[PDB]
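Quick setup: one chain, the form solved without guanosine-5'-monophosphate (5GP), written in structure tokens, and binding and motion questions come after.
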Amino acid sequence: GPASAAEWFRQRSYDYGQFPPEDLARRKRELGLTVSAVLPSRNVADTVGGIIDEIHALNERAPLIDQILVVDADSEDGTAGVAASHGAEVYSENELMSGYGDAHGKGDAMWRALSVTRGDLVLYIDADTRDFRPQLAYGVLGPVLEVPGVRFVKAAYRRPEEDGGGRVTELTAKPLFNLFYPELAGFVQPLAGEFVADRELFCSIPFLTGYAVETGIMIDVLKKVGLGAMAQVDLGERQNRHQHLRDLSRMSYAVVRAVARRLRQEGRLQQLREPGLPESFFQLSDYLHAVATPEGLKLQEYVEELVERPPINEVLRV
């Protein structure tokens, strides 16, 4: 395995420039591999159309993506119809793994998607990217297709200069990973939605359902394949999204919850509830967010249960 974070960073970081699309396509045909691109799509009517159009144009020059799969996460904006009218295979998430109830977020979408992905490789992609450059499709395929032993590949990129990622990455994930999962500290965008692996890998791990999904995947893939089999590819620039700091806070909470849950399974965290601490203070699903408003201080409460899906292998018709 890798000797240190730094040795991994050196051996397992690439630029998209090292994998021209033509070459990859040649290689893929040679390997006899297929690729499903999965777009978990929640109210992305203004963007999925463009992404699908670009994947299509890419496939013109170099056939790399076999299945374009949009999973509509109960959108109210016309997402499903936009995706459909641009030629993607579209599924509502309610209709997949239907015995599971209704959509419980990005993770649930990404997980359920596996039941209809046909490719040997599953490439997850963010559906909300505003100017989708071809390399957001193929860049991460580079190392899975060409480097022995590499099994999982994450995007790295920068906003429009030293980009350590968005705010949840910078202030929640990187700090927690440095402390608890030092092997993950070399990833530039550990929470990126573009990543690819063998379909079998994804079918064999649990998926956290909400925002914590990328966090749980990073940790579980690490434990499964080892750091040496993980890589990242510099894809250049990505206009980061805008969001309200107030809403990032609950996303940060999910990241925390995911680490805490994994720490508890490893046995590093035990007796999470402090003996002495009254029951009334203890409710993990209950997030309190104290704020100051022009009208006084207020205690806001958010209730989100941390739902987790089992390895879909265990639960899908074989």
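One-based numbering along the sequence shown.
Unmodelled residues of the deposited sequence between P148 and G149: none, the chain being continuous. Here 13-21 and 306-314 are compared by their mean Cα B-factor, and 13-21 comes out higher. Mean C-alpha B-factor is higher over 269-277 than over the other stretch, the pair under comparison being 285-293 and 269-277.
Highest CA B-factor among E194, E183, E95, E170, as stated in the entry: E95.
Of the residues listed, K154, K174, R112, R241, the entry assigns the biggest Cα temperature factor to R241. Residue-level temperature factors show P40 in the lowest third of its chain, judged at the C-alpha atom.
Among the modelled residues of the chain, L64 sits in the highest third by CA temperature factor in this PDB entry. When all modelled residues of the chain are sorted by CA temperature factor, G105 is found within the middle third. Per-chain ranking of the deposited C-alpha B factor places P160 in the highest third. Ranked against the other modelled residues of its chain, the C-alpha B-factor of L33 as given in the entry falls in the highest third.
Below: the form solved in complex with guanosine-5'-monophosphate (5GP), not depicted.
Transferring guanosine-5'-monophosphate (5GP) from its position in the bound PDB entry by superimposing the C-alphas around the site places at least three ligand atoms within 2.4 angstroms of backbone or C-beta atoms here, which marks the site as blocked.
The partner is absent here, but in the bound PDB entry a heavy atom of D126, alone among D220, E183, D234, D126, sits within 4.5 Å of guanosine-5'-monophosphate (5GP). Only one of the listed residues (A73, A137, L121, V153) places a non-hydrogen atom within 4.5 angstroms of guanosine-5'-monophosphate (5GP) in the bound PDB entry, and that residue is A73. In short, of 33-41, 288-296, 264-272, 53-61 it is 33-41 that has heavy atoms within 4.5 Å of guanosine-5'-monophosphate (5GP) in the bound PDB entry. A residue is said to contact a partner when one of its heavy atoms sits within 4.5 Å of a partner heavy atom; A109 meets this definition for guanosine-5'-monophosphate (5GP) in the bound PDB entry. Taking non-hydrogen atoms only, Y211 approaches guanosine-5'-monophosphate (5GP) to within 4.5 angstroms in the bound PDB entry. Shown alone here, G105 lies within 4.5 Å of guanosine-5'-monophosphate (5GP) in the bound PDB entry, counting heavy atoms only. Along 75-104, a non-hydrogen atom within 4.5 Å of guanosine-5'-monophosphate (5GP) in the bound PDB entry is carried only by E93.
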